[PDB]
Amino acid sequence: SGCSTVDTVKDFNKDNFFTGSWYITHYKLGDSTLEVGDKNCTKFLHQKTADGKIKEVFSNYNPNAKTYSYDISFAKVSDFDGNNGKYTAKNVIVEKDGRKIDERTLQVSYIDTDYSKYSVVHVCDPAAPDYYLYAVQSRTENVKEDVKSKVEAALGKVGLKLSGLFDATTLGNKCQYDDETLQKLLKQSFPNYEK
């Protein structure tokens, strides 16, 4: 019980992964049937800087409530497990302006990625294992048709199929992403979490 350990991408290229932005297209969150409050449109921006810091800023938009939530993962190259796509991050839930609301530790496991199109991840809180997430992620709002099977294989490894996940792209026509806040918080200094 607790957080599941999943095999991860071998030879993780941080520099090509932690650049630009990603969209979360499909996902499973916990064991229970998904409620409308957990049906969100998520986009995140990240960056790895020379100092070795990794930073990821999430915009989570719930079309049903027309509300945004924001969180930021902070990590350092030295939090990664060797050369695998695996690491621990301090994830902070924040307001638009970056004020801390709550914080937790996440274990992030990249099951697979080709860097330029898609990634498949497992995220889990070692202190709240009932909060686990398997997610499909894309450089575009939809996963590009020509990698749909390369993705479905990855999900295969973890006992899942794409159709077995919430398709966030059913929200699409109502999906919104707070690019302004994303850009602003990425640049913004967080001395309580940097280092």
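In this text, residue numbers run from 1 along the sequence as written.
Per the PDB record, of the two stretches 20-28 and 6-14, 6-14 carries the greater mean B-factor over its C-alpha atoms. The deposited model assigns a higher average Cα B-factor to 77-85 than to the other stretch when 77-85 and 100-108 are compared. In this structure the maximum Cα B-factor among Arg139, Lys53, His46, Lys157 is found at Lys157. Set against one another, the Cα B-factors of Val36, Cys41, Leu165, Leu133 in the record reach their highest point at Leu165. Ranked against the other modelled residues of its chain, the C-alpha B-factor of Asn192 as given in the entry falls in the lowest third. Placement of the Cα temperature factor of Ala128 within the chain: highest third of the modelled residues, per the deposited record.
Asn173 sits in the highest third of its chain by CA B factor, as recorded in the PDB entry. Sorting the modelled residues of the chain by their CA temperature factor places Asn60 in the lowest third.
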